[PDB]
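Listing of model_34.txt, compact mmCIF, C-alpha atoms and all ligand atoms
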# COMPACT_ATOMS: atom_id res chain seq x y z
CA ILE A 1 1.68 15.64 7.39
CA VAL A 2 3.03 18.91 8.79
CA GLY A 3 5.70 20.82 6.78
CA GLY A 4 5.15 18.55 3.73
CA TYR A 5 4.16 19.27 0.11
CA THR A 6 1.43 18.08 -2.30
CA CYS A 7 2.63 14.80 -3.73
CA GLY A 8 0.90 15.03 -7.15
CA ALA A 9 -2.01 12.66 -8.08
CA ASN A 10 -0.95 9.01 -8.15
CA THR A 11 2.80 9.68 -7.60
CA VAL A 12 2.58 7.36 -4.57
CA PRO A 13 0.75 4.36 -6.14
CA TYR A 14 1.05 2.06 -3.08
CA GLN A 15 -0.66 4.51 -0.69
CA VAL A 16 -4.16 3.41 0.39
CA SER A 17 -6.74 5.29 2.54
CA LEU A 18 -8.68 3.13 5.08
CA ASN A 19 -12.26 4.44 5.06
CA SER A 20 -15.27 3.69 7.37
CA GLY A 21 -17.47 6.57 6.11
CA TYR A 22 -14.53 8.97 6.44
CA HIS A 23 -10.71 8.61 6.14
CA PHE A 24 -9.21 7.42 9.44
CA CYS A 25 -5.78 5.85 8.54
CA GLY A 26 -3.37 5.11 5.70
CA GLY A 27 -1.78 1.87 4.55
CA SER A 28 0.51 0.33 1.93
CA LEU A 29 -0.46 -2.07 -0.88
CA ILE A 30 2.15 -4.94 -0.85
CA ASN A 31 0.49 -7.34 -3.37
CA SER A 32 -2.85 -7.17 -5.23
CA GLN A 33 -4.86 -8.58 -2.29
CA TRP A 34 -2.94 -7.47 0.82
CA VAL A 35 -2.39 -4.10 2.53
CA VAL A 36 -0.16 -3.43 5.58
CA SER A 37 -1.25 -0.78 8.09
CA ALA A 38 -0.91 -0.25 11.88
CA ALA A 39 -2.72 -2.44 14.49
CA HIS A 40 -4.01 0.68 16.21
CA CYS A 41 -6.00 1.48 12.99
CA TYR A 42 -8.05 -1.70 13.35
CA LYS A 43 -11.87 -1.57 13.32
CA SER A 44 -14.51 -3.58 11.52
CA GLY A 45 -16.23 -2.08 8.47
CA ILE A 46 -13.11 -0.98 6.54
CA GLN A 47 -13.22 -0.19 2.83
CA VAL A 48 -9.79 0.14 1.31
CA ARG A 49 -9.45 2.98 -1.19
CA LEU A 50 -6.69 2.71 -3.85
CA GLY A 51 -5.65 5.26 -6.55
CA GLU A 52 -6.70 8.09 -4.38
CA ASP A 53 -5.49 11.63 -4.42
CA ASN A 54 -8.38 13.95 -3.43
CA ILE A 55 -10.30 11.76 -0.88
CA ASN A 56 -13.51 13.79 -1.09
CA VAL A 57 -14.02 13.71 -4.93
CA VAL A 58 -14.18 10.65 -7.35
CA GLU A 59 -11.79 11.80 -10.25
CA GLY A 60 -10.94 8.49 -11.86
CA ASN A 61 -8.32 5.79 -11.03
CA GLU A 62 -9.95 4.94 -7.73
CA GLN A 63 -10.70 1.33 -6.71
CA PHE A 64 -12.87 0.84 -3.51
CA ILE A 65 -12.60 -2.71 -2.18
CA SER A 66 -13.89 -3.99 1.14
CA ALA A 67 -11.48 -5.73 3.54
CA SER A 68 -12.18 -9.54 3.89
CA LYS A 69 -10.14 -9.90 7.17
CA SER A 70 -7.76 -7.75 9.23
CA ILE A 71 -4.92 -9.61 11.12
CA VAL A 72 -3.54 -7.49 14.03
CA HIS A 73 -0.12 -8.86 15.17
CA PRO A 74 -0.79 -11.42 17.99
CA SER A 75 1.70 -9.59 20.28
CA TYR A 76 0.47 -6.04 19.62
CA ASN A 77 0.31 -4.14 22.98
CA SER A 78 -2.05 -1.12 22.81
CA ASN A 79 -0.41 0.59 25.77
CA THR A 80 3.16 0.58 24.41
CA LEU A 81 2.23 0.19 20.70
CA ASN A 82 4.92 -2.43 20.41
CA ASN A 83 4.23 -4.70 17.35
CA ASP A 84 2.00 -2.06 15.83
CA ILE A 85 1.35 -3.77 12.48
CA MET A 86 -1.81 -5.25 10.88
CA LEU A 87 -2.37 -6.99 7.52
CA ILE A 88 -5.75 -6.57 5.75
CA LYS A 89 -6.74 -9.05 3.06
CA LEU A 90 -9.01 -7.42 0.32
CA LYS A 91 -12.30 -9.08 -0.79
CA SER A 92 -11.01 -9.11 -4.44
CA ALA A 93 -7.60 -8.36 -5.88
CA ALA A 94 -6.88 -4.79 -7.03
CA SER A 95 -6.11 -4.14 -10.72
CA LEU A 96 -2.52 -2.97 -10.65
CA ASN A 97 -1.28 -0.47 -13.19
CA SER A 98 1.02 2.59 -12.88
CA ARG A 99 -1.44 4.45 -10.60
CA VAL A 100 -2.05 1.53 -8.18
CA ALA A 101 1.14 -0.54 -7.56
CA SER A 102 2.61 -2.53 -4.66
CA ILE A 103 5.76 -1.53 -2.76
CA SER A 104 8.44 -4.11 -1.85
CA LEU A 105 9.26 -5.36 1.60
CA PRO A 106 12.91 -4.73 2.66
CA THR A 107 15.65 -7.34 2.72
CA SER A 108 17.57 -5.42 5.35
CA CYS A 109 16.79 -2.69 7.88
CA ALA A 110 17.76 0.90 6.95
CA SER A 111 20.39 2.89 8.74
CA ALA A 112 20.02 6.22 10.39
CA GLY A 113 20.72 8.89 7.81
CA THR A 114 18.66 7.10 5.15
CA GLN A 115 16.17 9.66 3.65
CA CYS A 116 12.58 8.26 3.31
CA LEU A 117 9.20 9.46 1.89
CA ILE A 118 6.25 9.56 4.31
CA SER A 119 2.79 10.35 2.83
CA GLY A 120 -0.79 10.60 4.04
CA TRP A 121 -3.98 12.70 4.34
CA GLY A 122 -3.52 13.41 8.06
CA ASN A 123 -3.38 16.75 9.86
CA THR A 124 -1.11 19.50 8.44
CA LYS A 125 -1.12 21.69 11.64
CA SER A 126 0.78 20.90 14.83
CA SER A 127 -1.67 23.02 16.86
CA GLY A 128 -5.30 22.48 15.65
CA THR A 129 -6.80 20.22 12.95
CA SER A 130 -6.56 21.00 9.18
CA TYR A 131 -7.00 17.84 7.11
CA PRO A 132 -6.18 18.10 3.40
CA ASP A 133 -8.18 16.86 0.46
CA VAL A 134 -5.10 15.67 -1.43
CA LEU A 135 -2.18 13.54 -0.48
CA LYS A 136 0.82 15.22 1.25
CA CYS A 137 4.43 14.06 1.19
CA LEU A 138 7.39 14.67 3.43
CA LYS A 139 10.96 13.47 2.97
CA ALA A 140 12.54 12.66 6.41
CA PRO A 141 15.69 10.87 7.61
CA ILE A 142 15.84 7.87 9.97
CA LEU A 143 17.49 9.13 13.24
CA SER A 144 20.15 7.25 15.26
CA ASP A 145 18.93 5.07 18.05
CA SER A 146 20.56 7.32 20.69
CA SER A 147 18.63 10.42 19.56
CA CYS A 148 15.38 8.35 19.42
CA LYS A 149 15.85 6.88 22.92
CA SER A 150 17.03 10.14 24.33
CA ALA A 151 13.81 11.69 22.94
CA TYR A 152 11.36 9.06 24.26
CA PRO A 153 13.32 7.45 27.16
CA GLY A 154 11.97 3.97 28.02
CA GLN A 155 9.29 4.07 25.31
CA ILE A 156 11.20 2.75 22.26
CA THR A 157 11.33 -1.04 21.71
CA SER A 158 13.54 -2.68 19.06
CA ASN A 159 10.50 -2.74 16.72
CA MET A 160 10.39 1.06 16.50
CA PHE A 161 12.69 3.69 14.87
CA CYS A 162 12.45 7.52 14.83
CA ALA A 163 12.56 9.55 11.57
CA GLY A 164 11.92 13.27 11.39
CA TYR A 165 13.43 16.59 12.40
CA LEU A 166 14.42 17.42 16.00
CA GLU A 167 14.14 21.10 15.22
CA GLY A 168 10.41 20.51 14.59
CA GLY A 169 8.19 21.81 11.74
CA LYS A 170 7.98 18.68 9.61
CA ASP A 171 6.45 15.37 10.82
CA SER A 172 3.59 12.91 10.27
CA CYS A 173 0.49 13.54 12.45
CA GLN A 174 -2.96 12.02 13.19
CA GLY A 175 -4.73 10.79 10.02
CA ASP A 176 -1.33 9.58 8.75
CA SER A 177 -1.29 6.48 11.07
CA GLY A 178 -0.86 3.16 9.22
CA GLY A 179 0.83 4.75 6.25
CA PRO A 180 4.19 4.20 4.58
CA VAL A 181 7.73 5.36 5.27
CA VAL A 182 9.53 4.20 1.98
CA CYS A 183 13.32 4.42 1.71
CA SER A 184 15.26 3.41 -1.44
CA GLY A 185 12.10 1.78 -2.90
CA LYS A 186 11.36 -0.42 0.14
CA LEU A 187 8.63 -0.21 2.82
CA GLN A 188 10.78 0.39 5.95
CA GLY A 189 8.26 1.90 8.47
CA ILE A 190 4.57 2.44 9.29
CA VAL A 191 3.36 5.73 10.87
CA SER A 192 2.67 4.68 14.51
CA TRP A 193 2.97 7.54 17.08
CA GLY A 194 4.72 10.61 18.41
CA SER A 195 4.13 13.34 21.08
CA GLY A 196 2.06 15.97 19.31
CA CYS A 197 3.07 16.74 15.77
CA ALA A 198 6.16 18.52 14.53
CA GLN A 199 7.17 19.56 18.09
CA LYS A 200 10.88 20.23 18.76
CA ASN A 201 12.85 17.23 20.00
CA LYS A 202 9.78 14.94 19.65
CA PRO A 203 10.42 13.08 16.37
CA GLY A 204 7.82 10.60 14.88
CA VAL A 205 8.03 6.91 15.80
CA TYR A 206 7.44 4.20 13.21
CA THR A 207 6.98 0.40 13.29
CA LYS A 208 10.31 -1.16 12.00
CA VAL A 209 8.91 -3.27 9.18
CA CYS A 210 12.25 -5.14 8.52
CA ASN A 211 11.58 -7.14 11.73
CA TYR A 212 8.23 -8.47 10.45
CA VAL A 213 9.03 -9.61 6.99
CA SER A 214 9.13 -13.35 7.87
CA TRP A 215 5.81 -12.92 9.85
CA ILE A 216 4.21 -11.07 6.94
CA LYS A 217 5.35 -13.74 4.41
CA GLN A 218 4.22 -16.60 6.71
CA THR A 219 0.83 -15.00 7.55
CA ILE A 220 0.02 -14.18 3.87
CA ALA A 221 1.16 -17.67 2.89
CA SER A 222 -1.29 -19.33 5.34
CA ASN A 223 -4.40 -17.05 4.70
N1 LIG B 301 4.07 12.88 15.59
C1 LIG B 301 3.76 11.85 14.84
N2 LIG B 301 4.62 11.39 13.97
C2 LIG B 301 2.50 11.24 14.95
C3 LIG B 301 2.10 10.20 14.10
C4 LIG B 301 0.82 9.61 14.23
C5 LIG B 301 -0.01 10.11 15.21
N3 LIG B 301 -1.20 9.80 15.57
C6 LIG B 301 -1.50 10.59 16.56
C7 LIG B 301 -2.79 10.53 17.13
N4 LIG B 301 -3.55 9.49 16.80
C8 LIG B 301 -4.78 9.33 17.26
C9 LIG B 301 -5.33 10.26 18.14
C10 LIG B 301 -4.58 11.36 18.51
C11 LIG B 301 -3.29 11.52 18.02
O1 LIG B 301 -2.59 12.65 18.44
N5 LIG B 301 -0.55 11.43 16.91
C12 LIG B 301 0.37 11.10 16.04
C13 LIG B 301 1.61 11.68 15.94
CA CA B 302 -10.90 10.88 -4.97
Show me the file's structure as structure tokens.
Ligand SMILES: NC(=[NH2+])c1ccc2[nH]c(-c3ncccc3[O-])nc2c1
Ligand SMILES: [Ca+2]
Amino acid sequence: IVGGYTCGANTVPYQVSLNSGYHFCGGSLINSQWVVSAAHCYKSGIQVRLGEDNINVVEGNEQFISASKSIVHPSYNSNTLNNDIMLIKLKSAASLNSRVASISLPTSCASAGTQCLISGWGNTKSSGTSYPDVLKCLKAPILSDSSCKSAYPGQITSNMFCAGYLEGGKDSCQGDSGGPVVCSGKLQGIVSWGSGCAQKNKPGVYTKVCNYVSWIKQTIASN
């Protein structure tokens, strides 16, 4: 997260870290056995880490559970990143409490102007790599579709939305991929891509979760 602040241990109880010997992506807990992340974060050998704050120290509240299966959306395109969403089922359910909690799926899409919270352990520099130990937060608004399409002409599908600051300085970055964009208590986006990090006129692009709620409910219901 570039231009963000330290969230505070366990203030974001639905944030998960996807780990394969190191942190590589974020994700959101939506029920005690399912996590939603981005299809480009897929790999085998994923351990889901819940109740995390400092990812390099065990401090208490952490739950490490291995993933039983990862379901990348059947229509995910790795060249356009359209349908960039993946569901991970956990080997055992997580114990929920106030430090580990699920986030709700939306009942409607959000409008531009809505302010949202983006969090993650990804890069905090736009030029160079500086990964934090603790979780960083950034509050960003959803931009209008014209500013998003004018920024990435021909690269935005209707399953993507832009959120961020056109003046630059604040944005999500690598390491944040797969993580949450929560607005008014609902999971509205997933960190998917952007051109560099925090660059002027290059806002972040997120998977528009409101378009996958029926798919998520049907896939969890049949697995
Ligand atoms: N500007 C953003 N909001 C953003 C978000 C996620 C990213 N992930 C990446 C990224 N991911 C994997 C390898 C290199 C990257 O620059 N760039 C990213 C940029
Ligand atoms: Ca820790």
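Residues within 6 Å of residue 86 in chain A, counting all atoms listed in the file and excluding same-chain residues fewer than 5 positions away, are residues 36, 37, 38, 39, 71, 72 and 73 of chain A.
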>> Distance limit 7 Å, reference ligand LIG 301 (chain B), atoms considered: all atoms listed in the file. Which residues make the cut? Give them as a ChimeraX atom specification.
In response: /A:171-177,191-198,203-205
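Across the model, the gap from CA of residue 137 in chain A to CA of residue 43 in chain A is 25.6 Å.
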>> Between CA of residue 98 in chain A and CA of residue 10 in chain A, what distance in Å does the model show, to one decimal?
In response: 8.2 Å
>> 9 Å from ligand CA 302 (chain B) is the threshold here; counting all atoms listed in the file, which polymer residues fall inside it? Answer as an NGL selection string.
In response: :A and (49 or 51-62 or 133-134)
With 6 Å as the cut-off and all atoms listed in the file counted, what is the closest atom pair between each nearby residue of range 102-198 of chain A and range 207-215 of chain A? Distances in Å to one decimal, ordered by chain and number, as JSON lines.
{"residue": "A:106", "atom": "CA", "partner": "A:210", "partner_atom": "CA", "distance": 5.9}
{"residue": "A:109", "atom": "CA", "partner": "A:210", "partner_atom": "CA", "distance": 5.2}
{"residue": "A:159", "atom": "CA", "partner": "A:208", "partner_atom": "CA", "distance": 5.0}
{"residue": "A:160", "atom": "CA", "partner": "A:207", "partner_atom": "CA", "distance": 4.7}
{"residue": "A:188", "atom": "CA", "partner": "A:209", "partner_atom": "CA", "distance": 5.2}
{"residue": "A:189", "atom": "CA", "partner": "A:208", "partner_atom": "CA", "distance": 5.1}
{"residue": "A:190", "atom": "CA", "partner": "A:207", "partner_atom": "CA", "distance": 5.1}
>> List as a ChimeraX atom specification the protein and nucleic acid residues near residue 3 in chain A, meaning an atom at most 8 Å away when all atoms listed in the file are counted, but skip any in the same chain fewer than 4 places from it.
In response: /A:124,138,169-171
> Out of A:181, A:162, A:87, A:112, which residue has the shortest atom-to-atom distance to residue 30 in chain A when counting all atoms listed in the file?
Replying inline: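 Using all atoms listed in the file, the shortest distance to residue 30 in chain A belongs to A:87.
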I'd like the contact shell of residue 166 in chain A - 8 Å cut-off, all atoms listed in the file, skipping same-chain residues fewer than 5 positions apart - returned as a PDB file with C-alpha atoms, in the coordinates of the input.
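Writing the result to out34.pdb gives the following:
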ATOM      1  CA  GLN A 199       7.170  19.560  18.090  1.00  0.00           C
ATOM      2  CA  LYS A 200      10.880  20.230  18.760  1.00  0.00           C
ATOM      3  CA  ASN A 201      12.850  17.230  20.000  1.00  0.00           C
ATOM      4  CA  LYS A 202       9.780  14.940  19.650  1.00  0.00           C
ATOM      5  CA  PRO A 203      10.420  13.080  16.370  1.00  0.00           C
TER       6      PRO A 203
END
>> Given the point (-18.1, -3.5, 7.9) in the coordinates of this file, which residues lie within 12 Å, counting all atoms listed in the file, and how would they look as a VMD selection string?
In response: chain A and resid 18 to 21 42 to 48 65 to 70 91
> Using only C-alpha atoms, which residue out of A:150, A:89, A:179, A:31 lies closest to residue 222 in chain A?
Replying inline: A:89
> What gap, in Å, lies between CA of residue 14 in chain A and CA of residue 113 in chain A?
Replying inline: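 Going from CA of residue 14 in chain A over to CA of residue 113 in chain A covers 23.5 Å.
For the residues A:163, A:139, A:182, A:75, ranking by smallest atom-to-atom distance to residue 27 in chain A using all atoms listed in the file places A:182 first.
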Produce the centre coordinates and the three edge lengths, each in Å to one decimal, of the box along x, y and z that contains all listed atoms of range 174-190 of chain A with 6 Å added on each side, as lines of an AutoDock Vina configuration file.
center_x = 5.3
center_y = 5.8
center_z = 5.1
size_x = 32.0
size_y = 24.4
size_z = 28.1
> With all atoms listed in the file as the atoms that count, which of A:93, A:161, A:153, A:128 lies nearest to residue 111 in chain A?
Replying inline: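 Selected residue with least distance to residue 111 in chain A: A:161.
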> Which residue, A:81, A:220, A:1, A:12, has the smallest gap to residue 33 in chain A when you use all atoms listed in the file?
Replying inline: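 Counting all atoms listed in the file, the residue closest to residue 33 in chain A is A:220.
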> Taking only C-alpha atoms into account, which of A:114, A:79, A:147, A:123 comes nearest residue 185 in chain A?
Replying inline: A:114
